[PDB]
Every structure is written in C-alpha cells, then in structure tokens.
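Peer 1: Opening with a subset of the complex:
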Amino acid sequence: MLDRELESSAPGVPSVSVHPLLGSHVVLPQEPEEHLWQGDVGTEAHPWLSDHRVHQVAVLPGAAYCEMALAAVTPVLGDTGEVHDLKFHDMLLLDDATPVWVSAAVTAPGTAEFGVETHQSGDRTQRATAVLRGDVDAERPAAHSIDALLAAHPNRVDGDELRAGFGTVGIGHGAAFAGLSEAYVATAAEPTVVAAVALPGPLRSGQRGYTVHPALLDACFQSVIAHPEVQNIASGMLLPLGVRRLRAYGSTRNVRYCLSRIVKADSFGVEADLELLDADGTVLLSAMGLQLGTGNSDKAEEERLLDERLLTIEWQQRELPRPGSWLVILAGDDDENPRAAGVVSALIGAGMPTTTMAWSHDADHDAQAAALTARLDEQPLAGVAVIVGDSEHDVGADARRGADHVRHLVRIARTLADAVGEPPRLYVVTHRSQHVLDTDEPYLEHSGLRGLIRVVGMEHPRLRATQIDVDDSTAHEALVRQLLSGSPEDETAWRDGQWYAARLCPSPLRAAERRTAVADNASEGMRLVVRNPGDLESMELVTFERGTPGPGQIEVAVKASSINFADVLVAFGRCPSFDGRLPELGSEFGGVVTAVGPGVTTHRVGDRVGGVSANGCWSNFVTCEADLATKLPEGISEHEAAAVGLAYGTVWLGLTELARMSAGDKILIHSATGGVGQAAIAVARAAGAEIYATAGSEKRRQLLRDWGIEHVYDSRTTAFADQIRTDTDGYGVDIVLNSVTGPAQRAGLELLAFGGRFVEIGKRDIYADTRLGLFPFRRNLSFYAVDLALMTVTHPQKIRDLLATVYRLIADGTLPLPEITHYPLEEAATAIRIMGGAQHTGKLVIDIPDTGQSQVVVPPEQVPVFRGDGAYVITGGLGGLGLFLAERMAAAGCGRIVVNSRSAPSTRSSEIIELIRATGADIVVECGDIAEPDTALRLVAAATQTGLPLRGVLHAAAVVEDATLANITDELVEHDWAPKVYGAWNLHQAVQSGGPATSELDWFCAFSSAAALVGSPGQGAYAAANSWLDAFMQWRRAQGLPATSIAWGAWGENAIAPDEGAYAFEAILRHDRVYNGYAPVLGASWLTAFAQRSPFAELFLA
C-alpha cells in the first residue's frame, strides 16, 4: 500500500529485528566485550520444535545450539568465523515457554567463550558451551560433482525407513525433522554418505534469520546413521554430543544435499565430518567432528538397559463392570468340593441352565473325554468352569500333585480346543495358586497351572483361557458374578470380597526393592544420606563397612554432630562446591577415638575429640585425618563441641582474625538468630563492638530486640542500608558479616565506611561470578572470602587450630554457647524442614545413638553375593548358562563352585573347567539327577567340604521338551517338571537338612523362563514347570528363607547377550526382589500381538 506507507511515514512503532532463537541482544557495560541474549525456545513460540522428541518428550535438538553458536559469531567477532569445540551438556526439555540465555565473552582477540544456559527458580543449568573464532582463514572447500557423487553411491536408503528406525531407540522426528528424503551409500569400505536433505515446505517461510535452520541441520546429522558401518557397529541410541568445528560459507536456503564422511565408528560412539551442498555442489556449511553417542557413561548405559529389560507381574484392585447355558467340571471326584457345589447353585440361582461333569484322576480319560465332547455338541454353552480340587502344608506332596493337575488340565483343555462349533470360554478356578497380597503364603499344586492356561490362551485364543485364583473366604455369589459379567481379564484373583486383576509391567525400582537390614549403633557402620537431593523423604540411613584407619587417620565414635545450613543446601541439592562434587551430610562432629591409624603420636585411643571430616559426620563412626581432630578440653562435651565448631570457627576467623574486630567499631550481623549469627553476637559483645543485626521474620527480629540489641532490621530487603545510615548519622558500619546475596551484598558494601571490612561467608555470589563494582573500595575497604570447607583441604592445620581455639574459649567461658536444640538421628529430616523454612533459632544438633539399640538400615550394593570365604552350588552347570555363570563367578572371586549336571562333562566343557582351575578358583564337578534327593545332599556336602559355608545356590538345571497341546504327552510333562520343581524342593531340603554351614546363605536363585510369563506356544509343559518354581520362590521368601527367580529371555551363546545377563543376574541379587523378568521388550512381535489380544499387557500397548 503506497498510501498506507506514506501515512505511516509519521507514526512508526519502535521495533527491532532479532534472531529467532537468540532473541534480544544486550552488550554488557564491562570489559571484556561481553554479549548476552535472552530468548524463548518453547513449543508455543516455535511449534516445529515439538516435532523433535526423545522418549515422547519434546527436547531441544543438538542442531539448535549449533545455530545459536554460528549466529553469535558475527556480532561478537565482527567478521567471518568458526565455532570450535561445541559441547552439549544436559538435555533441554521444552514446555510452551522455555526462556534461554546465550552469552559470549571475548577472552583473547579473535576468540570468545560461548555458552547457552537456562535459569529455573534461581538454579542455572548449562546446556551448551563452545569457542568462537574469527581469526580463522577463509578456506572454502571446493564444490563437488553431485552427478559423480551420486554415481559413486548407488545403494539408496529411504528417509522414512531410517526415521522409523530412530523411533525404536526412542528418538522421534516429526514433520519438521523429516527433511532427509533419502541417503545414498555404497559399502562399509567406502566411508561417505550422499544425502538428499531439504528444509520442509512449512518451514521454508520460517527460514527468517537462521544461519542454518536447526530442522535442516538435524536432518544432516540423521544422514550419518544411514552409513552401513554405523548401522552394523553402533546399533544403539545415537544422539549428537558436540561438534569440533562449524563454519558457514554462505546461505543454506538452497541446500539440497549433505555429504557425510565417517571418521570413526565404534561401539561407544561415531565421529563424522559433514558438508552441506547446494544443487550445483558448492559447499554452504561444514561440520567437522560431529560427535554422536550413547548419551552418558558406559556404566550408566548398563543401568539404563537393565531397567528397560526387567519385568514383574502386579495386581490391581478392580471392580466387576457392566451391564446362556453353562458347564461346571471338576478335577478330583473322591474330594467333595464346596466351591464346585456353591458355584453350580449360584449359577442356577442367577438363572442359567448349568450341567455338572466329574472328571477325576485315575479314571478312563479317553471315555470321559468322549463324554465331554458329546455334552458340547449336544447343547451350545457360553462358558465352561474348571474347578480344580484341593487335597485335604507339605510342599513335597504338593510338588508331586502339581504335575498330576497339569497333566489333567491338558486332557481337559485338549478336548475343548477340539470342538466342532464355536469353543466356549474356558474359566479355570484355582485355590490360592499364586501370590497377590503381600501377606499371602501360596498354596501350591495349582501353582503350575498359571503357565499352562497362559499357553492354552495363546495356542487356542477362541476359548479365552481365563484363570480365577480364589481363597477360602470369598463367597460363591461374588465368584459367579465374574463368570456372568464377561470381563476380558485373563488373569484374575479373589481375596475376601475384593476382585484383583494382574497386569505385566517393568518395575526396576531401588526403594523397597532394595535390601534391608538391622544394625547395632555401638558396633556396625550406619550413616545418614539423601539418595536424591531435593526430596527430604529420600533421606536414608545407609550402612558402611567401618575399616581400619591409617596412615595418619583416626576412627572416631561420634556421640553427636551439628546441622549447619550448608547441610540443608546439600539436602535440597542447592549446595555450591569448588570440587564440583556435592558434599556429604555432616561437616563437624564430637566423639571419642576408636582407633588410631599407623602412625600418629598426636592422638590416643579413648581421647574425647571434636573435629571435621566430610565423608558423612551423621554416623556412628567417622574416619577423619589427624590434621582435623583435636582433644576436647574438660569444660565442653562432645555435643557442646559438635555445635560450636564451625559457627564459632567461621566467626573467629572472620571477625577477630581477618577483620581484626576492634572494640567500639560497628558491626552488621546478617540473620543473627542463626548459629553463625549467635556466635557473631557473642564475639562482637566480647570485643565490645556496637551490633546492628538483621532477620527475616518479625518474631525473629523481636527476639534480637529482646536479646538487648537495639538496631534490628529486615534481612530480606535492602532497607537496612539506608536505615543504618540514618541510625549512625551517615557513618554506616565498619565490619559486615555478609551471609546475604545479590543487591543486599552490594548494599552492605556501600554501607561500611573507611574501616571497611566486608567478610563474605556467603558462597552464592562468588560461585555465580558476580561482577562486584569496585568503586566503594575508594575508602580503603577490604573484602574477605571465607570457605572453611575448602580450607579443611588446602590448610587443615589452620582449621585444626581454629577449632581448638574456639573449643578453648567456649570451655574457659570466654564465649557463651548459643541456643542448641537437640534432634535424634531419626528426626533429622524434620530439623531440615524447620531450619530450611527459617523457623529455627540458634543451633540444631544431631544426637547419634550411643546405645546397644538396633536401627533399621539399607545395604545398597555392599551386598556380598560373590565371595572367596563362601562356597556355591550350580545345577545345570556343565552346560548352557550355568557354565558361563560359573566361569564369570570364578573370575568374580569365588571359593569352591560345585557344578552339577546328570550327564558327564563334554570335551569343550572339560576345557573350560581346566582353564578356570588353572586360574586359581577351584571348580568341583559332582554329577547327578537333582530330581533324586541324594544328589542335592551330595552337592551341598561337596561344596562345604573345603571348610567353606554355602553362601548361594543357582537352579539352572532344566529340560525342554516342546509340543502343541494336542501332542503334549503325560510322560513329556514329567520330563520338564522333574528337574525344575523336584530339584528345587530337593535343593531347599538339602539346605535345611545341612548343618550350620548351609544355614548362612545369602541367596537361592532359580532360572525361570519368559515363556511362562507371556505364554510362548508349544512350550506348555516347560511353562507350567516354571510357574510352579516361580511360586515356590515366593513361598520360600514367605517362610523367611532367601529366594529369587529370573524369567530369562533369548540368549546368544533383540535377544539377550551373554555379558548383558551376567550384570543383570549380579544386580538382581544385590536387590530384595523375588520375581524378576529379564527379556528383550522394545517393540517385539510377540508383545504387540499379546497386548492387543488380552488386557493383561495393557501398559505395553500404550
């Protein structure tokens, strides 16, 4: 509109052009040339950013920081430049609004430090850092022949096919990030990829002021994965971690191709060099040294894999929802079932024509099978309820009976499957078959049937194989309610009047699923720590092995320790440290020497001492250096010294030592109601200084006024400054014990006059690199930084003397001790909530229990598991997993490993045992059929023989005979059942039967199968044997004995690897969880098929 422009040539709105990401730019008024941008990278501001998402959560791609760095070059360094050593730190998770701060600072001419950070509730989080360089030479790589390149790379890779592959590992690329059309490759020998990238149509409008659009640059990074050497080697989650050198030669608007080159292709990561070419082949941008990789740590990769692979069955309290003839059939005729009687009466009571069948063991099964098939063809029925009979506490009997039930349910299930018409719904009613409520002790016999009904439902889904695990107390009126409601639930249970329903889920927790113990407080190590800072509920009492001290160290028996404000920040994760590592809870202590390490003349055992250590002083025993402890004088207790130490030390150092607090001079004590505050008052009163104090609460301020201190102000504002200037007739103060921050720090410096002694104890502003204006220093001011924590490492003698001098002054009575409020170790979190909320006054002391009392404690991975002072037994050790585990255990440090297998050792097995015995650890081989009882005893006696107590068992012994329900013979059931169930019981008995050597074991593990859990068709007999063995472990745990079961997946020698399972096995044992299911889950065919068929795997579909 030529008119609109001429009339608008007068009222113009004041606006300025900005970068889409970087946003508003400000150059700070300081040397060196320091720049600063503030901008939004939220999904509301930049919709297209929602299309890049890791694990279904929108995150900022690596490519975004690349653009930000490239963009920040020209304004800082007014020239053509590069971006060197660009690194991506934490993963930025995007919201509707995600403000981000970029900042570049000139270090040297033609060089500048770059950095993208994000600020949340005061806490800064660095997201990326690099170096900008302008001095670099204009070395534009020569244009390429797009025709020749594409001719040299004939093998085409589709973009959608590759982006689908990214979705499996967890990385999602939406419409915006689908720029990669297709990538052309050749072989692994050829290290290059010619990719056909292009910024999608919607984003072409939004090319705006981008050096390179991050959507486009990420599509180039995707192109690197199309290389065959990358696909073959690094078959894991590859995320960009950084870029060695980034330069833009021109506009990337017309980029149509991306030429990649593999520098290095390793299992850990992939390095590559990129070049963005236009249609002609001219280079527009180059990325040398693009580093991709498995996000963080090698050990953190294992921990993450283990979590995804684990599986557990969980029971949910459910209600029967919404809105034909029936047949009730039995499994024991000589046993009169009131459940069967009551069910038939309740179905007829509901108004359904019910018939009853009496199939029992030791009966003509071919004739009864024909009688059943006749009843089905005679009348069309809706469902068939199979009532399993319960005989009449002996497990031995229930293990033998459990086989007969499986053999009999196969006979019944086979005849229902072989139906001319539409098969009716099968309902199997078992008596306390499996564990649902934590209080339950499982009734076996029916334990094996849950694996069979799961396989029958998979082999023959027409008849929806449903299981109903009933208890004695429940009522038949509520049971038939389930049969007639027709809910699609396949695994169900009844405990009292409540209906439960199973559901498969991964649960790799480490809270209740971690070992527990009880430990003495006089003996045995126990320490207090936060498993994850921020949450005070995560404050745990952990165990530690208190070892011999030395050289030049001392073990102290702590009677008490303090709670400093520093220990609160540690609890919330807000504590700053020069080391970088977050310190341990408890800095100071007061105790009695336990042991003196070789060799120190200074300390003696039984000396009452107080000191410092780190390493957690909220524990019964602390090992501290001789440099950090001092004998307490007679005038003070362990608890008095534990409170005083740091508060008075910091003050002593700060006021009387650094600031040389003279008499009469005015002192400003910030937050004077606290520990350091009360200590400051004490020495200020002693020195004869005029006190000016501050405090947050009115109640807290009024306390200072009552303590006899005139001149009290608010610590949360900058009022105190002008108020003190008025209350001193413009003089101000002399000394300032600054615990406060920000403008209150600056205001405090501006306050003190001539004498000027600013003592900063507060670390926040130092670690934040706050540019402190030097102009107030024109009056001979003196700034003092104080970090006793650091001093304890750099000059421990000065800290020794500083503690020793305050313990002397306080014991002499030269200084009076402050308000001390004791807290038992248990209520430590409560003291933190109080201190952390500014509710407290004075000092808070943690009292350590000097008693013969016991306290419940948690061993994380201090668990023994594999040890040289203990023997081990492995059934099925001469082959399969057992031989790999035995070899791994011998290497892990095990004294005597008895290996068993009914067959003699093979030629390759004997060779493996020879090299293990050659490399120290002895391996005994005692053959036998574990199904026979004498074998279990012979094994146990052999493992103990070398003066070693049995510390663990492994039940890998197994037979696998697979057959379809139609051809599952009665003999084949006993073949698979015998080693798994009879061996497990004979092992259990051999352990109890054994003397005190066997009554000391740490674990009892049993290798189960994932086929029992899901229902792999054809297994059946093997599946049922495992479901009994899985329930047997929950029963063994219920009795108190240790017990474990690991339902394994598919091993190698997509499928579990050998060394992958070794870590999982060892890990599962470090934790107190009975059922563990290690199996490759990802997005497998058998899981996607199982999730859509039944609501048991509801959480897997999502």
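Peer 2: Alright, I've got the coordinates. Residues are numbered from 1 along each chain as shown, chains lettered A, B, ... in the order given.

Peer 1: can you tell me how far residue A:746 sits from residue A:770?
Peer 2: Between residue A:746 and residue A:770 the distance, using Cβ to Cβ, to the nearest Å, works out to 9 Å. Bear in mind the C-beta positions are built from the backbone N, C-alpha and C, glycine included.

Peer 1: Those two: who's more crowded?
Peer 2: Set residue A:746 next to residue A:770 and count neighbours by other Cβ atoms under 10 Å: residue A:746 wins out with 17 against 13.

Peer 1: quick check, that one in a helix?
Peer 2: Yes. Using DSSP: H, G, I helix; E, B strand; the rest coil, the secondary structure at residue A:746 is a helix.

Peer 1: Surely it is in contact with residue A:773?
Peer 2: Yes. Using Cβ atoms under 8 Å as the test, residue A:746 is close enough to residue A:773 to be in contact (7.1 Å).

Peer 1: Tell me how far residue A:27 lies from residue A:39.
Peer 2: For residue A:27 relative to residue A:39 (Cβ to Cβ), the value is 16 Å.

Peer 1: Looking at the two, which one has more neighbours?
Peer 2: residue A:39 (22 against 12).

Peer 1: Contact partners for that one?
Peer 2: The contact partners of residue A:39, taken as Cβ atoms under 8 Å, 6 or more residues apart in numbering, are A:18, A:19, A:20, A:21, A:22, A:23, A:24, A:99, A:100, A:102.

Peer 1: And what about it, helix, strand or coil?
Peer 2: Classified using three-state DSSP, residue A:39 is strand.

Peer 1: Please put the alpha-carbon coordinates of stretch A:205-217 into CSV.
Peer 2: What follows is stretch A:205-217, C-alpha atoms only, in CSV (Å, rounded to 0.1, in the frame of the first residue of the first chain):
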residue,chain,number,x,y,z
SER,A,205,8.6,-19.4,5.2
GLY,A,206,10.3,-19.5,8.6
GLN,A,207,13.9,-19.5,7.2
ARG,A,208,13.9,-16.0,8.7
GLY,A,209,17.3,-15.0,10.2
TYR,A,210,18.8,-18.5,10.6
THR,A,211,22.4,-19.1,9.5
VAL,A,212,21.2,-22.7,9.1
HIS,A,213,17.7,-23.9,10.2
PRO,A,214,18.1,-26.5,13.1
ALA,A,215,15.4,-28.7,11.5
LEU,A,216,17.6,-29.0,8.3
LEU,A,217,20.9,-29.4,10.2
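
Peer 1: how about it: buried residues?
Peer 2: A:210, A:211, A:212, A:213, A:214, A:215, A:216, A:217 (16 or more other Cβ atoms under 10 Å).

Peer 1: here's chain B, add it to the model above:
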Amino acid sequence: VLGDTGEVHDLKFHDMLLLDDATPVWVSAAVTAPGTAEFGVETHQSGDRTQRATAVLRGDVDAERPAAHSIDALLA
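Peer 2: If we add chain B to the chains shown above, we get the following:
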C-alpha cells in the same frame, strides 16, 4: 519491572551526559523489596562507568488521582 501502575521515587540526575552521534546508555532496574526497585542509568566509555541518573520505583502506591482543574478559570 512491576507489572502495574507505578510511581518513580527520588529521581536524581548527577553528571551531565554530553551527546555525540552515538551515546550508548544502560538502564538497569532491580527489585530489592516487594513492589520496590532500585533504578539506575549509566554510561561506560573508555572503561569509566558514569552513573548519570538514579531512582527507586514503586508499584504499591495508591492511585489518588488529583482533582481536575478548570482550564478557563485558571487562565482568568
């Protein structure tokens, strides 16, 4: 700063800013206490920072709109 109606308190000017074709100035307001903020204008040239103006800002003050006058009566 204070997303509301506000007063500017104790506005002081110090050194006389002489202007050139370019004279960059940095304004800077920080919250100190609630509904209150230290305001400050300054200029950095050759390494010497020069505070050209300062004040406090208040958003907690009450809108006591002075009464309107009679333009014509006033002129009489």
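
Peer 1: Report the separation between residue A:206 and chain B.
Peer 2: 30 Å (Cβ to the nearest Cβ, to the nearest Å).

Peer 1: Pretty sure that residue sits against residue A:45.
Peer 2: No. Taking Cβ under 8 Å as the definition, residue A:206 is not a contact partner of residue A:45, at 11.6 Å.

Peer 1: Okay, helices next: where are they in the stretch 401-550 of chain A?
Peer 2: A:449-459, A:476-485 (DSSP state H, counting those that start in this stretch).

Peer 1: list the contacts for the residue in the stretch 251-400 of chain A positioned nearest to chain B?
Peer 2: At 30.3 Å from chain B, residue A:251 is the closest residue in the stretch 251-400 of chain A, using Cβ to the nearest Cβ. Listed by Cβ atoms under 8 Å, 6 or more residues apart in numbering or on different chains, the contact set of residue A:251 reads residue A:284.

Peer 1: run the last query once more with 10 Å
Peer 2: A:207, A:210, A:211, A:212, A:278, A:284, A:285 (Cβ atoms under 10 Å, 6 or more residues apart in numbering or on different chains).

Peer 1: Around chain B, which positions in chain A sit nearby?
Peer 2: A:26-31, A:714, A:716-719, A:721, A:742-744, A:746-747, A:773-775 (Cβ under 10 Å from any Cβ of the partner chain).

Peer 1: Need the buried ones from those selected in ChimeraX.
Peer 2: A single ChimeraX command selects the buried members of these (16 or more other Cβ atoms under 10 Å in any protein chain shown):
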select /A:29,714,716,717,718,719,721,743,744,746,747
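
Peer 1: Looking at the residues of chain A next to chain B, which are in helices?
Peer 2: A:719, A:721, A:743, A:744, A:746, A:747 (DSSP state H).

Peer 1: how far away is the fourth one from residue A:661?
Peer 2: Taking Cβ to Cβ as the criterion, residue A:744 is separated from residue A:661 by 21 Å.

Peer 1: out of the ones in helices among the residues of chain A next to chain B, which one sits closest to chain B?
Peer 2: residue A:743 (5.4 Å).

Peer 1: For chain B, what's the nearest residue on the stretch 1-150 of chain A?
Peer 2: For the stretch 1-150 of chain A, Cβ to the nearest Cβ, closest residue to chain B: residue A:29, 3.8 Å.

Peer 1: what sits against that residue?
Peer 2: Residue A:29 neighbours (Cβ under 10 Å, 6+ apart): A:771, B:24, B:25, B:26, B:28, B:42, B:43, B:44, B:45, B:49, B:50.
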